[PDB]
Amino acid sequence: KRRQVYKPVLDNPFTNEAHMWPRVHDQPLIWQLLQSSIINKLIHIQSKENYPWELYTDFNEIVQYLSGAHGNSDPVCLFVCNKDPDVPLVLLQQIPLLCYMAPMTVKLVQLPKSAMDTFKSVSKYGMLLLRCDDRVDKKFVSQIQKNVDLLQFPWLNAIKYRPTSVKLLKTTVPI
Amino acid sequence: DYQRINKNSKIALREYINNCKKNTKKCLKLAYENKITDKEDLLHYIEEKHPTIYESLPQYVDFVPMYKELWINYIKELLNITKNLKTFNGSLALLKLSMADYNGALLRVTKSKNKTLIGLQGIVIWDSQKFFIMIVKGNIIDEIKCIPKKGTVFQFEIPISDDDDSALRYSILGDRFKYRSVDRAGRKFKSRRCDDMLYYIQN
Amino acid sequence: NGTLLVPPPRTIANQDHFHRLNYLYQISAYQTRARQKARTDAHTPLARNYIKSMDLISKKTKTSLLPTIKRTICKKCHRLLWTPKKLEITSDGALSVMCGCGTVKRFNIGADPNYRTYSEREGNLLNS
RNA sequence: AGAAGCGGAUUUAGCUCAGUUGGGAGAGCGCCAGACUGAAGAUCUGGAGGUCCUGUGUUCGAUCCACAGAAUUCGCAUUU
RNA sequence: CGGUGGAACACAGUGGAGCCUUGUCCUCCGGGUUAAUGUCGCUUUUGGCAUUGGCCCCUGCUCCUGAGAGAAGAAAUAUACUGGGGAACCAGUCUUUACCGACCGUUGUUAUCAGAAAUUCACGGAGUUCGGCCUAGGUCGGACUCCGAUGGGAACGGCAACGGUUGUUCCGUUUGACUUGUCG
Ligand SMILES: [Mg+2]
Ligand SMILES: [Mg+2]
Ligand SMILES: [Zn+2]
């Protein structure tokens, strides 16, 4: 006979607050410009995809770019989709973490729409890292990023004790 | 070089606590060479003239808020110390203190067989089996302090959130428990002959 | 299939042990972060020690952890991987995360998406 | 208050004693309470009650296994 | 806890009986050199493979026993490995002029869950090599290597028991001096 037993297991007490994805609102004003720009990149020539706009869409190149090889470009922006199925959780639990230790001004934007499976199915993987050094796009990227899309860290900034979190899991035991 | 040190965590911890003592001795030598008694001028003097020597020096001013607040808040949550104090239960609290780890505690040598060990306050960076490791500041001394536990009495204050009205003070004895924290998680402490505790009646 | 019994009387000894484990994890993580934000690797063999002691306490009272903790900490030297060496992907395998000591913790990511751990599934978990 | 030296057995709830692939810490009696009786005993139900002699170490985890330190107690053709 | 005064230097202290695999002058595996043979490539001849024969490869010390303590420069910084100690160091597995190293085999166990899997069952992916259909190199089978979220965990790792050592097992003493009794 099978009996269900609840076992107490210690949770990471701050992983919910470490994965508090930033507050994004009035976001359909942004996907129009972003998707139109990405399509206009991806139409003509694979060299002309990355020749006027330098962007990296492979996670190994994201790690090698944020390691410290290129230090000139200080404003560098990232776009990562959450709340979207068919997206790996192994990278997604480490993407907002690796950008924190980067000395460059890296600006993560979490895309909140679940229906946005287009950018993953089209370009590479569903993430986008590019540079706003002298491009035209920064002329609106600096406009809205101060409004709603602010990214700051409250969790490591001040000194604060954290309460413990002990959860409990299901276990089916046959006897 | 870096891989051969951290192959075992205990040996690298021993190398670090030896390097801190050697750097403290070099700091005392450079301080007598400096002839300045102020420690805030001494730290800037080391920052100006000795960059590689400054790298392994401890930072007690950083060490106090990063440890004391977490330790006091953990004890206020664990022992159920709240604004309501008239519902306290002491035996279960002493059992929890027997079960809680003292890694990161502020602790004071109040009585000892050696007359020079007393008066030392310090914060735990690691609990040994039969010795004890703390850190204390002097005028210019920042040495990692090793103190024996066989024949010493230790005390620690548990504050209450009210200001200057009431606070608690508890005491442990390192000659009583002489084991690792790992064994202390499972050990149920029992009676002893306690014949060698005459010093606690003597001084 | 069987009997459905959901007890919320948590036991006091298990709460003491998991509070001890969580305090060791918090003090090790905060030592590591307070050292890592300011300057170079000063006492990186120190905080690791706590984690090792934590894992040994996890060996004592038969306790299990979420895969977030064991994914964070190492396996052999048992250190925190908040600052790892390198992260590589699609290098003819799935994924690789290198460390300073040389022990790697890889994950099968090139097979298929939408795979979750047993503690991360929809109904298997009840908080507090 | 009848030693000294030798072999065997053995210590677990207040008591008498089980028990152990090594993963739960128990039974009888006693105490308290319920049930029952005019009342009480007996019978029956439930609860309280632990330094598994102590310590090391092995192991993922000890009443159990290994070592160390104590001892309990029987026998030596006896009832002193 | 031990052993000696019973064994005479292993003469297993000696004798007898029973059984069998009937007590094999045997064999360490393993590494190096030399000689012979056969195959394959260079062509006085050399190189690689397999077999056979010959040689070489280390009682640390005292002691009958029990046991005691010495040092780990033939690969390391901590002086072989593992865990702790505050350090001389302690405990367990080991080796000792090893001018080459050598953790014996079998059986069972590691409970529930988890995971593909709790013992080199199996399963999934990638790479290499070979064979068949076949020839823009597609598929199938066999072998090897590496990886796969879980748990202390995949490590022929940890624990317990047993032996092939010169065949096993059983039985008896080699231990006494005075007093008394019998027998010659
Ligand atoms: Mg005597
Ligand atoms: Mg005696
Ligand atoms: Zn590591």
# chains A, B, ... in the order shown; residues from 1 in each chain; ligands from 1
>>> select_by_dssp(residues="stretch 30-162 of chain A", states="helix (DSSP H, G or I)", output="PyMOL selection string")
chain A and resi 31-43+46-50+59-69+89-92+95-98+118-122+138-144
>>> write_last_selection(atoms="C-alpha atoms", output="JSON list (two decimals), in the first residue's frame")
[["chain", "number", "residue", "atom", "x", "y", "z"],
["A", 31, "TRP", "CA", 8.45, 45.20, -28.90],
["A", 32, "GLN", "CA", 7.34, 47.04, -32.06],
["A", 33, "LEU", "CA", 10.67, 48.87, -32.44],
["A", 34, "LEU", "CA", 12.68, 45.86, -31.20],
["A", 35, "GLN", "CA", 11.04, 43.28, -33.49],
["A", 36, "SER", "CA", 11.10, 45.61, -36.51],
["A", 37, "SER", "CA", 14.81, 46.30, -35.98],
["A", 38, "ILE", "CA", 15.66, 42.60, -35.47],
["A", 39, "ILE", "CA", 13.72, 41.58, -38.61],
["A", 40, "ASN", "CA", 15.39, 44.35, -40.66],
["A", 41, "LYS", "CA", 18.71, 42.95, -39.45],
["A", 42, "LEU", "CA", 17.78, 39.34, -40.26],
["A", 43, "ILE", "CA", 16.47, 39.95, -43.80],
["A", 46, "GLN", "CA", 24.26, 37.37, -42.26],
["A", 47, "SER", "CA", 27.28, 39.70, -42.34],
["A", 48, "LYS", "CA", 24.89, 42.66, -42.44],
["A", 49, "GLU", "CA", 23.08, 41.22, -39.41],
["A", 50, "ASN", "CA", 26.01, 42.06, -37.12],
["A", 59, "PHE", "CA", 25.69, 32.37, -24.36],
["A", 60, "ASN", "CA", 29.37, 31.39, -24.64],
["A", 61, "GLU", "CA", 29.96, 34.71, -26.41],
["A", 62, "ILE", "CA", 27.93, 36.40, -23.66],
["A", 63, "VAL", "CA", 30.27, 34.96, -21.01],
["A", 64, "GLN", "CA", 33.40, 35.76, -23.05],
["A", 65, "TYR", "CA", 32.14, 39.30, -23.68],
["A", 66, "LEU", "CA", 31.32, 39.96, -20.01],
["A", 67, "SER", "CA", 34.54, 38.34, -18.74],
["A", 68, "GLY", "CA", 36.57, 41.51, -19.28],
["A", 69, "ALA", "CA", 37.95, 41.17, -22.80],
["A", 89, "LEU", "CA", 15.92, 27.12, -16.52],
["A", 90, "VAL", "CA", 19.62, 26.27, -16.09],
["A", 91, "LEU", "CA", 20.82, 29.37, -17.94],
["A", 92, "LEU", "CA", 17.91, 31.46, -16.65],
["A", 95, "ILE", "CA", 21.88, 35.05, -16.50],
["A", 96, "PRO", "CA", 20.91, 37.85, -13.96],
["A", 97, "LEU", "CA", 23.68, 36.60, -11.67],
["A", 98, "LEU", "CA", 26.60, 36.83, -14.12],
["A", 118, "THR", "CA", 8.85, 34.51, -31.78],
["A", 119, "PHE", "CA", 12.33, 35.76, -30.80],
["A", 120, "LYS", "CA", 13.33, 32.35, -29.45],
["A", 121, "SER", "CA", 12.01, 30.47, -32.50],
["A", 122, "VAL", "CA", 13.63, 32.90, -34.96],
["A", 138, "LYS", "CA", 20.06, 54.47, -27.68],
["A", 139, "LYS", "CA", 18.19, 57.69, -28.58],
["A", 140, "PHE", "CA", 15.08, 55.92, -27.36],
["A", 141, "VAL", "CA", 16.70, 53.29, -25.10],
["A", 142, "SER", "CA", 17.90, 56.01, -22.72],
["A", 143, "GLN", "CA", 14.37, 57.49, -22.83],
["A", 144, "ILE", "CA", 12.32, 54.69, -21.28]]
>>> residues_near_ligand(ligand="ligand 1", cutoff="12 Å", atoms="only C-alpha atoms (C1' of nucleotides) and all ligand atoms", output="PDB file with N, CA and C atoms (P, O5', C5', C4', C3', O3' and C1' of nucleotides), in the first residue's frame")
ATOM      1  P     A D   3      36.607 -11.929  50.702  1.00  0.00           P
ATOM      2  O5'   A D   3      38.026 -11.241  50.477  1.00  0.00           O
ATOM      3  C5'   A D   3      38.131  -9.952  49.843  1.00  0.00           C
ATOM      4  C4'   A D   3      39.561  -9.469  49.874  1.00  0.00           C
ATOM      5  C3'   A D   3      40.386  -9.777  48.626  1.00  0.00           C
ATOM      6  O3'   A D   3      40.339  -8.687  47.711  1.00  0.00           O
ATOM      7  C1'   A D   3      41.493 -10.632  50.528  1.00  0.00           C
ATOM      8  P     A D   4      41.021  -8.823  46.270  1.00  0.00           P
ATOM      9  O5'   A D   4      42.273  -9.765  46.552  1.00  0.00           O
ATOM     10  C5'   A D   4      43.549  -9.208  46.921  1.00  0.00           C
ATOM     11  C4'   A D   4      44.664 -10.142  46.511  1.00  0.00           C
ATOM     12  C3'   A D   4      44.582 -10.674  45.081  1.00  0.00           C
ATOM     13  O3'   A D   4      45.349  -9.862  44.199  1.00  0.00           O
ATOM     14  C1'   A D   4      44.696 -12.487  46.589  1.00  0.00           C
ATOM     15  P     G D   5      44.847  -9.612  42.701  1.00  0.00           P
ATOM     16  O5'   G D   5      45.009 -11.045  42.024  1.00  0.00           O
ATOM     17  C5'   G D   5      45.849 -11.227  40.869  1.00  0.00           C
ATOM     18  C4'   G D   5      46.069 -12.698  40.611  1.00  0.00           C
ATOM     19  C3'   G D   5      45.069 -13.355  39.667  1.00  0.00           C
ATOM     20  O3'   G D   5      45.563 -13.354  38.332  1.00  0.00           O
ATOM     21  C1'   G D   5      45.093 -14.525  41.716  1.00  0.00           C
TER      22        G D   5
END
>>> residues_near_ligand(ligand="ligand 3", cutoff="8 Å", atoms="only C-alpha atoms (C1' of nucleotides) and all ligand atoms", output="PyMOL selection string")
chain C and resi 73-81+98-104
>>> residues_around(residues="residue D:53", least_positions_apart="5", cutoff="12 Å", atoms="only C-alpha atoms (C1' of nucleotides)", output="PDB file with N, CA, C and O atoms (P, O5', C5', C4', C3', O3' and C1' of nucleotides), in the first residue's frame")
ATOM      1  N   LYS B 190      26.178  14.753  28.485  1.00  0.00           N
ATOM      2  CA  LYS B 190      25.922  13.979  29.688  1.00  0.00           C
ATOM      3  C   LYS B 190      26.803  14.466  30.832  1.00  0.00           C
ATOM      4  O   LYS B 190      27.547  15.443  30.703  1.00  0.00           O
ATOM      5  N   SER B 191      26.705  13.766  31.962  1.00  0.00           N
ATOM      6  CA  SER B 191      27.395  14.182  33.177  1.00  0.00           C
ATOM      7  C   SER B 191      28.887  13.883  33.095  1.00  0.00           C
ATOM      8  O   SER B 191      29.326  13.022  32.329  1.00  0.00           O
TER       9      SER B 191
ATOM     10  P     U D  10      25.878 -12.551  28.203  1.00  0.00           P
ATOM     11  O5'   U D  10      25.633 -11.275  29.127  1.00  0.00           O
ATOM     12  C5'   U D  10      24.508 -11.201  29.990  1.00  0.00           C
ATOM     13  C4'   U D  10      24.687 -10.129  31.036  1.00  0.00           C
ATOM     14  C3'   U D  10      24.717  -8.697  30.524  1.00  0.00           C
ATOM     15  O3'   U D  10      23.424  -8.165  30.296  1.00  0.00           O
ATOM     16  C1'   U D  10      26.505  -9.036  32.042  1.00  0.00           C
ATOM     17  P     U D  11      23.234  -6.861  29.376  1.00  0.00           P
ATOM     18  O5'   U D  11      23.298  -5.648  30.406  1.00  0.00           O
ATOM     19  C5'   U D  11      22.382  -5.562  31.494  1.00  0.00           C
ATOM     20  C4'   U D  11      22.735  -4.446  32.451  1.00  0.00           C
ATOM     21  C3'   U D  11      22.472  -3.028  31.941  1.00  0.00           C
ATOM     22  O3'   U D  11      22.048  -2.201  33.024  1.00  0.00           O
ATOM     23  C1'   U D  11      24.763  -3.265  32.478  1.00  0.00           C
ATOM     24  P     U D  12      20.525  -1.696  33.113  1.00  0.00           P
ATOM     25  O5'   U D  12      20.170  -1.259  31.622  1.00  0.00           O
ATOM     26  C5'   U D  12      20.465   0.048  31.153  1.00  0.00           C
ATOM     27  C4'   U D  12      19.543   0.452  30.030  1.00  0.00           C
ATOM     28  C3'   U D  12      18.058   0.436  30.358  1.00  0.00           C
ATOM     29  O3'   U D  12      17.631   1.597  31.048  1.00  0.00           O
ATOM     30  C1'   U D  12      18.423  -0.648  28.285  1.00  0.00           C
ATOM     31  P     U D  63      21.309   4.616  19.598  1.00  0.00           P
ATOM     32  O5'   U D  63      21.478   3.447  20.667  1.00  0.00           O
ATOM     33  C5'   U D  63      22.700   3.258  21.367  1.00  0.00           C
ATOM     34  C4'   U D  63      22.666   1.990  22.181  1.00  0.00           C
ATOM     35  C3'   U D  63      23.410   0.796  21.597  1.00  0.00           C
ATOM     36  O3'   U D  63      24.791   0.816  21.926  1.00  0.00           O
ATOM     37  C1'   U D  63      21.239   0.131  22.303  1.00  0.00           C
ATOM     38  P     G D  69      42.118   0.604  29.201  1.00  0.00           P
ATOM     39  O5'   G D  69      41.140   1.497  30.087  1.00  0.00           O
ATOM     40  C5'   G D  69      41.523   2.797  30.511  1.00  0.00           C
ATOM     41  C4'   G D  69      40.358   3.552  31.100  1.00  0.00           C
ATOM     42  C3'   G D  69      39.655   2.882  32.271  1.00  0.00           C
ATOM     43  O3'   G D  69      40.328   3.075  33.504  1.00  0.00           O
ATOM     44  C1'   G D  69      38.045   3.640  30.721  1.00  0.00           C
ATOM     45  P     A D  70      40.563   1.837  34.502  1.00  0.00           P
ATOM     46  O5'   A D  70      39.292   1.861  35.461  1.00  0.00           O
ATOM     47  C5'   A D  70      38.134   1.093  35.163  1.00  0.00           C
ATOM     48  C4'   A D  70      36.877   1.792  35.612  1.00  0.00           C
ATOM     49  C3'   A D  70      35.946   0.980  36.499  1.00  0.00           C
ATOM     50  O3'   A D  70      36.349   0.950  37.857  1.00  0.00           O
ATOM     51  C1'   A D  70      34.691   1.974  34.777  1.00  0.00           C
ATOM     52  P     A D  71      36.711  -0.453  38.555  1.00  0.00           P
ATOM     53  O5'   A D  71      35.346  -1.275  38.503  1.00  0.00           O
ATOM     54  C5'   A D  71      34.275  -0.961  39.380  1.00  0.00           C
ATOM     55  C4'   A D  71      32.939  -1.047  38.683  1.00  0.00           C
ATOM     56  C3'   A D  71      32.089  -2.262  39.013  1.00  0.00           C
ATOM     57  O3'   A D  71      31.382  -2.120  40.233  1.00  0.00           O
ATOM     58  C1'   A D  71      32.129  -1.938  36.673  1.00  0.00           C
ATOM     59  P     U D  72      31.138  -3.394  41.181  1.00  0.00           P
ATOM     60  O5'   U D  72      29.913  -4.150  40.501  1.00  0.00           O
ATOM     61  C5'   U D  72      28.656  -3.510  40.346  1.00  0.00           C
ATOM     62  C4'   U D  72      27.722  -4.338  39.501  1.00  0.00           C
ATOM     63  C3'   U D  72      27.568  -5.791  39.923  1.00  0.00           C
ATOM     64  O3'   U D  72      26.656  -5.963  40.993  1.00  0.00           O
ATOM     65  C1'   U D  72      27.920  -5.676  37.584  1.00  0.00           C
TER      66        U D  72
END
>>> interface_residues(of="chain A", to="chain E", cutoff="9 Å", atoms="only C-alpha atoms (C1' of nucleotides)", output="PyMOL selection string")
chain A and resi 171-174
>>> residues_around(residues="residue B:73", least_positions_apart="4", cutoff="7 Å", atoms="only C-alpha atoms (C1' of nucleotides)", output="compact mmCIF listing (two decimals) with C-alpha atoms, in the first residue's frame")
# COMPACT_ATOMS: atom_id res chain seq x y z
CA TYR A 161 19.27 39.57 8.32
CA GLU B 69 23.71 41.94 13.54
CA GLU B 77 14.57 34.37 15.88
>>> residues_around(residues="residue E:94", least_positions_apart="4", cutoff="10 Å", atoms="only C-alpha atoms (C1' of nucleotides)", output="PyMOL selection string")
chain E and resi 80-81+103
>>> write_last_selection(atoms="N, CA, C and O atoms (P, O5', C5', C4', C3', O3' and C1' of nucleotides)", output="PDB file, in the first residue's frame")
ATOM      1  P     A E  80      54.385  10.900   3.124  1.00  0.00           P
ATOM      2  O5'   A E  80      54.633   9.690   2.118  1.00  0.00           O
ATOM      3  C5'   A E  80      54.553   9.877   0.713  1.00  0.00           C
ATOM      4  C4'   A E  80      53.542   8.945   0.092  1.00  0.00           C
ATOM      5  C3'   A E  80      52.091   9.186   0.488  1.00  0.00           C
ATOM      6  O3'   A E  80      51.479  10.193  -0.300  1.00  0.00           O
ATOM      7  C1'   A E  80      52.603   6.886   0.717  1.00  0.00           C
ATOM      8  P     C E  81      50.374  11.173   0.334  1.00  0.00           P
ATOM      9  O5'   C E  81      49.053  10.289   0.380  1.00  0.00           O
ATOM     10  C5'   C E  81      48.479   9.755  -0.804  1.00  0.00           C
ATOM     11  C4'   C E  81      47.342   8.826  -0.474  1.00  0.00           C
ATOM     12  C3'   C E  81      46.300   9.394   0.474  1.00  0.00           C
ATOM     13  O3'   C E  81      45.347  10.212  -0.181  1.00  0.00           O
ATOM     14  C1'   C E  81      46.940   7.237   1.210  1.00  0.00           C
ATOM     15  P     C E 103      47.475  -2.237  -5.600  1.00  0.00           P
ATOM     16  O5'   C E 103      46.320  -2.685  -4.603  1.00  0.00           O
ATOM     17  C5'   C E 103      46.230  -4.039  -4.166  1.00  0.00           C
ATOM     18  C4'   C E 103      45.595  -4.161  -2.801  1.00  0.00           C
ATOM     19  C3'   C E 103      44.079  -3.951  -2.756  1.00  0.00           C
ATOM     20  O3'   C E 103      43.506  -4.783  -1.744  1.00  0.00           O
ATOM     21  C1'   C E 103      45.139  -2.376  -1.352  1.00  0.00           C
TER      22        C E 103
END
>>> residues_around(residues="residue A:82", least_positions_apart="3", cutoff="7 Å", atoms="only C-alpha atoms (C1' of nucleotides)", output="PyMOL selection string")
chain A and resi 110-112
>>> closest_atom_pairs(of="chain D", to="chain C", cutoff="12 Å", atoms="only C-alpha atoms (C1' of nucleotides)", output="JSON lines")
{"residue": "D:23", "atom": "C1'", "partner": "C:62", "partner_atom": "CA", "distance": 10.2}
{"residue": "D:59", "atom": "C1'", "partner": "C:59", "partner_atom": "CA", "distance": 10.3}
{"residue": "D:60", "atom": "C1'", "partner": "C:59", "partner_atom": "CA", "distance": 5.5}
{"residue": "D:61", "atom": "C1'", "partner": "C:60", "partner_atom": "CA", "distance": 6.9}
{"residue": "D:62", "atom": "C1'", "partner": "C:60", "partner_atom": "CA", "distance": 11.8}
>>> write_last_selection(atoms="N, CA and C atoms (P, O5', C5', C4', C3', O3' and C1' of nucleotides)", output="PDB file, in the first residue's frame")
ATOM      1  P     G D  23      17.844  -1.332  11.691  1.00  0.00           P
ATOM      2  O5'   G D  23      17.326   0.156  11.462  1.00  0.00           O
ATOM      3  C5'   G D  23      16.608   0.857  12.495  1.00  0.00           C
ATOM      4  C4'   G D  23      16.623   2.342  12.224  1.00  0.00           C
ATOM      5  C3'   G D  23      15.440   2.874  11.423  1.00  0.00           C
ATOM      6  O3'   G D  23      15.144   4.215  11.793  1.00  0.00           O
ATOM      7  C1'   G D  23      17.425   3.169  10.178  1.00  0.00           C
ATOM      8  P     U D  59      34.293   6.355   7.557  1.00  0.00           P
ATOM      9  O5'   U D  59      32.799   5.955   7.178  1.00  0.00           O
ATOM     10  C5'   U D  59      32.430   4.577   6.987  1.00  0.00           C
ATOM     11  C4'   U D  59      30.929   4.426   7.048  1.00  0.00           C
ATOM     12  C3'   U D  59      30.130   5.662   6.655  1.00  0.00           C
ATOM     13  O3'   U D  59      29.828   5.642   5.264  1.00  0.00           O
ATOM     14  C1'   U D  59      29.424   4.918   8.782  1.00  0.00           C
ATOM     15  P     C D  60      29.740   7.014   4.446  1.00  0.00           P
ATOM     16  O5'   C D  60      28.948   7.974   5.441  1.00  0.00           O
ATOM     17  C5'   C D  60      28.659   9.338   5.080  1.00  0.00           C
ATOM     18  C4'   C D  60      27.365   9.783   5.718  1.00  0.00           C
ATOM     19  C3'   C D  60      27.053   9.156   7.072  1.00  0.00           C
ATOM     20  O3'   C D  60      27.506   9.996   8.128  1.00  0.00           O
ATOM     21  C1'   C D  60      25.260   8.751   5.591  1.00  0.00           C
ATOM     22  P     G D  61      27.401   9.500   9.646  1.00  0.00           P
ATOM     23  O5'   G D  61      25.872   9.073   9.779  1.00  0.00           O
ATOM     24  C5'   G D  61      24.893   9.982  10.316  1.00  0.00           C
ATOM     25  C4'   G D  61      23.818   9.219  11.051  1.00  0.00           C
ATOM     26  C3'   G D  61      24.311   8.261  12.129  1.00  0.00           C
ATOM     27  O3'   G D  61      24.357   8.912  13.394  1.00  0.00           O
ATOM     28  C1'   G D  61      22.910   7.094  10.629  1.00  0.00           C
ATOM     29  P     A D  62      25.043   8.185  14.644  1.00  0.00           P
ATOM     30  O5'   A D  62      23.800   7.707  15.516  1.00  0.00           O
ATOM     31  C5'   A D  62      23.991   7.096  16.784  1.00  0.00           C
ATOM     32  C4'   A D  62      23.340   5.739  16.845  1.00  0.00           C
ATOM     33  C3'   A D  62      23.488   5.015  18.179  1.00  0.00           C
ATOM     34  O3'   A D  62      22.328   4.220  18.420  1.00  0.00           O
ATOM     35  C1'   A D  62      24.498   3.731  16.473  1.00  0.00           C
TER      36        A D  62
END
>>> atom_distance(atom1="atom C1' of residue E:58", atom2="atom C1' of residue E:29")
17.5 Å
>>> closest_residue(among="E:20, E:28, E:71, E:183", to="residue E:165", atoms="only C-alpha atoms (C1' of nucleotides)")
E:28
>>> select_by_dssp(residues="stretch 2-169 of chain A", states="strand (DSSP E or B)", output="number ranges by chain")
A: 2-10, 55-56, 75-81, 105-111, 127-131, 166-169
>>> interface_residues(of="chain A", to="chain C", cutoff="7 Å", atoms="only C-alpha atoms", output="PyMOL selection string")
chain A and resi 1-4+9-12+59-60+63+85-88+164-170
>>> interface_residues(of="chain E", to="chain C", cutoff="9 Å", atoms="only C-alpha atoms (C1' of nucleotides)", output="JSON, numbers by chain")
{"E": [114, 125, 126, 147, 148, 149, 150, 151, 152]}
>>> atom_distance(atom1="atom CA of residue C:48", atom2="atom CA of residue B:99")
21.4 Å
>>> interface_residues(of="chain B", to="chain C", cutoff="7 Å", atoms="only C-alpha atoms", output="PyMOL selection string")
chain B and resi 3+6+9+12-13+56+96+99-101+182+185-186
>>> interface_residues(of="chain B", to="chain E", cutoff="9 Å", atoms="only C-alpha atoms (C1' of nucleotides)", output="list in words")
residues 4, 11, 129, 130, 131, 146 and 148 of chain B
>>> residues_around(residues="residue B:127", least_positions_apart="2", cutoff="9 Å", atoms="only C-alpha atoms (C1' of nucleotides)", output="ChimeraX atom specification")
/B:102-103,124-125,129-133,180-181
>>> interface_residues(of="chain A", to="chain B", cutoff="9 Å", atoms="only C-alpha atoms", output="short mmCIF file (atom, residue, chain, number, x, y, z; two decimals) with N, CA and C atoms, in the first residue's frame")
data_model
loop_
_atom_site.label_atom_id
_atom_site.label_comp_id
_atom_site.auth_asym_id
_atom_site.auth_seq_id
_atom_site.Cartn_x
_atom_site.Cartn_y
_atom_site.Cartn_z
N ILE A 159 22.73 46.14 4.83
CA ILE A 159 22.93 45.02 5.75
C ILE A 159 21.60 44.64 6.39
N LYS A 160 21.18 43.39 6.15
CA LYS A 160 19.89 42.93 6.64
C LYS A 160 19.89 41.42 6.87
N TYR A 161 19.42 40.99 8.04
CA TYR A 161 19.27 39.57 8.32
C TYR A 161 18.06 39.02 7.57
N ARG A 162 18.18 37.77 7.11
CA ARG A 162 17.15 37.16 6.29
C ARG A 162 16.49 36.03 7.05
N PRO A 163 15.16 35.97 7.11
CA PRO A 163 14.48 34.88 7.81
C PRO A 163 14.62 33.56 7.07
#
>>> closest_residue(among="D:8, D:55, D:30, D:38", to="chain B", atoms="only C-alpha atoms (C1' of nucleotides)")
D:55
